[PDB]
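So the structure is just underneath, and the comments pick up after that.
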Amino acid sequence: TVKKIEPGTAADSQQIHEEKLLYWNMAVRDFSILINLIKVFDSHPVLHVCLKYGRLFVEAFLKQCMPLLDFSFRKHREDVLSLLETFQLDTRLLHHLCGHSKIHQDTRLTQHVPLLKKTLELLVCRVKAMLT
């Protein structure tokens, strides 16, 4: 579903902007709590699918969401700034989770670990790029 949501334009009216952007807002806050729910759950399949699919979720966030940060910037600045402050805390939490991923030393997880790490570098540099 997160691949499907497209960024519109800067000249889009606020209502269509807000519905698809509030879908993105609930998406990133869903992502934050989806990161927060991992600290209670176990059974390495859980962390395995986390390391599989969270990667492509944040890739969708690169290609689809942050173009809206670039596009609806001049008019609705406060909402997107609240959203980015929502995302920085889960970014530091993702640093903690990546630390948790490295410390277990699993052979099945470690094929897609370094690929997820390069995607982590990609997502953080994309966050810094579209904040400008």
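Labels for the structure tokens follow display order: chains A, B, ..., residues from 1 in each chain, ligands from 1.
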Practice task
Just the residues within 12 Å of residue 11 of chain A, please, counting only C-alpha atoms, with nothing from its chain fewer than 5 positions along; format it as number ranges by chain.
Solution key: A: 16-17, 68, 70-76
Problem - Contact residues around residue 87 of chain A with only C-alpha atoms at 8 Å, ignoring same-chain residues under 4 positions, as a PyMOL selection string - result: chain A and resi 28-29+32+83+91
Exercise for the section: Find the residues around residue 44 of chain A up to 12 Å (only C-alpha atoms counted), leave out those fewer than 2 positions away in its own chain, and share them as a list in words. Expected result: residues 38, 41, 42, 46, 47, 48, 49, 50, 51, 52, 100, 101, 104, 105, 106, 107, 108 and 109 of chain A
For the contact check between segment 41-98 of chain A and segment 21-25 of chain A, emit one row per residue of segment 41-98 of chain A within 12 Å, containing the shortest atom pair and the distance in Å rounded to one decimal, counting only C-alpha atoms, chain then rising number order, as JSON lines.
```
{"residue": "A:57", "atom": "CA", "partner": "A:24", "partner_atom": "CA", "distance": 11.7}
{"residue": "A:58", "atom": "CA", "partner": "A:24", "partner_atom": "CA", "distance": 11.9}
{"residue": "A:60", "atom": "CA", "partner": "A:24", "partner_atom": "CA", "distance": 10.7}
{"residue": "A:61", "atom": "CA", "partner": "A:24", "partner_atom": "CA", "distance": 8.7}
{"residue": "A:62", "atom": "CA", "partner": "A:24", "partner_atom": "CA", "distance": 12.0}
{"residue": "A:64", "atom": "CA", "partner": "A:24", "partner_atom": "CA", "distance": 9.3}
{"residue": "A:65", "atom": "CA", "partner": "A:24", "partner_atom": "CA", "distance": 6.7}
{"residue": "A:66", "atom": "CA", "partner": "A:24", "partner_atom": "CA", "distance": 9.8}
{"residue": "A:67", "atom": "CA", "partner": "A:21", "partner_atom": "CA", "distance": 10.9}
{"residue": "A:68", "atom": "CA", "partner": "A:21", "partner_atom": "CA", "distance": 7.6}
{"residue": "A:69", "atom": "CA", "partner": "A:21", "partner_atom": "CA", "distance": 9.4}
{"residue": "A:71", "atom": "CA", "partner": "A:21", "partner_atom": "CA", "distance": 11.2}
{"residue": "A:72", "atom": "CA", "partner": "A:21", "partner_atom": "CA", "distance": 9.5}
{"residue": "A:76", "atom": "CA", "partner": "A:21", "partner_atom": "CA", "distance": 10.9}
{"residue": "A:79", "atom": "CA", "partner": "A:25", "partner_atom": "CA", "distance": 9.1}
{"residue": "A:80", "atom": "CA", "partner": "A:25", "partner_atom": "CA", "distance": 8.7}
{"residue": "A:81", "atom": "CA", "partner": "A:25", "partner_atom": "CA", "distance": 11.3}
{"residue": "A:82", "atom": "CA", "partner": "A:25", "partner_atom": "CA", "distance": 9.7}
{"residue": "A:83", "atom": "CA", "partner": "A:25", "partner_atom": "CA", "distance": 6.7}
{"residue": "A:84", "atom": "CA", "partner": "A:25", "partner_atom": "CA", "distance": 9.7}
{"residue": "A:85", "atom": "CA", "partner": "A:25", "partner_atom": "CA", "distance": 11.7}
{"residue": "A:86", "atom": "CA", "partner": "A:25", "partner_atom": "CA", "distance": 9.2}
{"residue": "A:87", "atom": "CA", "partner": "A:25", "partner_atom": "CA", "distance": 9.9}
```
Residue 35 of chain A surroundings by only C-alpha atoms, 8 Å radius, close-in-sequence under 5 positions cut, as an mmCIF file with C-alpha atoms, in the first residue's frame:
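Below is the file that was written, result.cif:
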```
data_model
loop_
_atom_site.group_PDB
_atom_site.id
_atom_site.type_symbol
_atom_site.label_atom_id
_atom_site.label_comp_id
_atom_site.auth_asym_id
_atom_site.auth_seq_id
_atom_site.Cartn_x
_atom_site.Cartn_y
_atom_site.Cartn_z
ATOM 1 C CA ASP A 90 11.876 6.965 15.622
ATOM 2 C CA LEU A 93 14.901 4.445 17.880
ATOM 3 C CA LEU A 94 15.782 2.748 14.512
#
```
Problem - Secondary structure check, helix (DSSP H, G or I) residues of chain A, as a count of residues only - result: 102
Handout entry: Gap from atom CA of residue 98 of chain A to atom CA of residue 115 of chain A - Å, one decimal
Key = 12.1 Å
